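In: Output the structure for:
(2 chains, ligands or ions: 3)
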Amino acid sequence: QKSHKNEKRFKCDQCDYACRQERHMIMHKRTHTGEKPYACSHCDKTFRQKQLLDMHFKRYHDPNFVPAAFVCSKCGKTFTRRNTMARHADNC
DNA sequence: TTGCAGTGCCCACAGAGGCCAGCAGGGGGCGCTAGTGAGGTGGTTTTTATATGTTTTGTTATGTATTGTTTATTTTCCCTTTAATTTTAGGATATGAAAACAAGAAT
Ligand SMILES: [Zn+2]
Ligand SMILES: [Zn+2]
Ligand SMILES: [Zn+2]
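Out: Residues are numbered from 1 along each chain as shown, chains lettered A, B, ... in the order given. Ligands and ions are numbered 1, 2, ... in the order given. I have put the structure below:
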């Protein structure tokens, strides 16, 4: 098992992607064989993956969405994604 | 910019295996003692053995009694010669008993 320890332990039958964890195999499988049994309580949307889209539910319906400012350096403009702040800060 | 498909990372509870005290297995070496077992020494008696005294046994000498021996005085058997003692005539006695005589008595 030291061969399999901290490696791509679980192969996928349909495609050659591999993940270390089983949970990843169940989520990966649902994309190939569409089950999407997770459903926002306020809209029609049916989600494949777990509570990240339950976070969809939360935010799409909660007026307390509160987008984290995440202010940069001197210019100070706000962006919703970390990679954007790092790239624009490198030359700001 | 988002949904979708696929990846990264952080945690955490399991899982795992070395760490550790606890504890039980077989075996080595000592502390100490009850209880015989045997061996050696001392005492006792005892038993054999030895020596002394008394008595019993064996041997020797003297006296008495028994058997034998040639005398030796009976003694006893056998002669020839007397000394009573007996037997046989031969004469004499005696005492009896007739016989004769004499004396009474009778006829
Ligand atoms: Zn696949
Ligand atoms: Zn919704
Ligand atoms: Zn800036």
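
In: Pick out the residue in chain A sitting closest to ligand 2.
Out: residue A:40 (3.2 Å; CB to the ion). Where C-beta positions appear, they are placed from N, C-alpha and C, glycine not excepted.

In: sec struct for the closest residue to that residue other than its chain neighbours, please.
Out: Closest residue to residue A:40 apart from its sequence neighbours, by CB to CB, 6 or more residues apart in numbering: residue A:57 at 4.4 Å. Secondary structure, DSSP: H, G, I helix; E, B strand; the rest coil: residue A:57 is helix.

In: Relative to residue A:38, how far out is residue A:54?
Out: 7 Å (CB to CB, to the nearest Å).

In: hmm, back to that, and for the residue of chain A closest to ligand 2, the neighbour number?
Out: For residue A:40, the count of nearby residues is 16 (other CB atoms under 10 Å).

In: Can you verify my assumption that it contacts residue A:55?
Out: No: Residue A:40 is beyond contact range of residue A:55, at 10.4 Å (criterion: CB atoms under 8 Å).
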